[PDB]
Ligand SMILES: CC(C)=CCC/C(C)=C/CC/C(C)=C/CC/C=C(\C)CC/C=C(\C)CCC=C(C)C
Ligand SMILES: [Cl-]
């Protein structure tokens, strides 16, 4: 069985009960430690109690060290706010928030020359917290638990410039952070408009991904818009990605929700090498 609330085996139920007993000392430090929450850690370690507990306790320390309880009120530095692409836009057919990643126009080198790695990673943590907050809001709105996210991963324009080694290493640090602190949060990731370079790029970051994450990555072909609309209502998808959603001013890219990156002006640079 699936290891989710309502659908646990006897062994899974027993493990959940022991797990809650075993980690009860840190539950007051945690956001809404309901069965759904605990089961994400258990599923991520195949209900191994020792490993699940180690994973959760490491997360507790992460939350303290990164001040996660207050990260939503932290606005990133100007260069990040203005040029770090992507954004939350719409909900899928099951009510899960959708996040757009826009790789092509991302100036990875400009970002690392203009911001600390710590602030870039902190910005990604904040995005994850914003997505989980949206899931909690959807849960209330829909009257059923929403705790996963759909990602549209736009690889149009993916190029050798993105595989600059310090960029790959920084991105791997984000991916490790994601896997260790947001287990069982990804529902599906649709790669769209991937060029021929994609398999090499994918191989560079595969070591940072869990098996669970890898199974949720779907690389789409020429009919990607049609596939997206099998999963998300058109009114929830930007015109740019095959739907009917626009900004209030009519812009088909929904730039009020999604950042489209761009090359970073030199006035933002803070260092000469990385
Ligand atoms: C530190 C940070 C996260 C951003 C700052 C700017 C930098 C250094 C960007 C790195 C450049 C970049 C985007 C590298 C990855 C390019 C795309 C691939 C290697 C394709 C395979 C990627 C996936 C299949 C995505 C998996 C993502 C999740 C959340 C599971
Ligand atoms: Cl080197």
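Method on record in the header is X-ray crystallography, 1.8 Å.
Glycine is no exception: its Cβ is also placed from the backbone N, Cα and C atoms.
Summarising the annotation, Swiss-Prot assigns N6-succinyllysine to 51, 253, 257 and lists similarity to another entry as the type of evidence. For 76-249, the entry in Swiss-Prot reads domain 'CRAL-TRIO', with the evidence type sequence analysis.
Between residue 253 (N6-succinyllysine) and residue 51 (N6-succinyllysine), the C-alpha separation comes to 43 Å. Within its own chain, residue 257 (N6-succinyllysine) has 87, 88, 89, 247 as residues 6 or more apart in sequence whose C-beta sits under 8 angstroms from its own. Within its own chain, residue 51 (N6-succinyllysine) has 45 as residues 6 or more apart in sequence whose C-beta sits under 8 angstroms from its own. Around the Cβ of residue 253 (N6-succinyllysine), the number of neighbouring Cβ atoms within 10 Å comes to 18.
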